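Working notes, structure below.
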Amino acid sequence: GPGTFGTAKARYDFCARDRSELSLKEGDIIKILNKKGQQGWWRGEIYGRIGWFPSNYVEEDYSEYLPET
């Protein structure tokens, strides 16, 4: 399956014009849920807001969130 990848840090202040679109915002992270593929868009959420967003405006597998020491 798509499995859990991680997240996608937005690189461009997006603006969802609909409810089917994901509300991206530079300096924000996009929780990866599904990956249609290595081309198109990715399905994630933000602040509890689900939608779709391009992977050309976001960045994934950039950093990890290791647990506390």
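Counting starts with 1 at the first residue shown.
Heads up, the Cβ atoms here are built off N, Cα and C, so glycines get one too.
Going by the PDB entry, these are the annotated features:
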type	residues	note
SEQADV	1-4	expression tag
SEQADV	66-69	linker
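Quick look at what Swiss-Prot lists:
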type	residues	note
MOD_RES	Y47	phosphotyrosine
MOD_RES	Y65	phosphotyrosine
Please list residues from the chain of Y65 (phosphotyrosine) whose Cβ is under 8 angstroms from its Cβ, counting only those at least six apart in sequence.
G6, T7
Starting from the Cβ of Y47 (phosphotyrosine), draw a 10 Å sphere and report how many other Cβ atoms land inside it.
8
Going by DSSP, is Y47 (phosphotyrosine) sitting in a helix, a strand, or coil?
coil
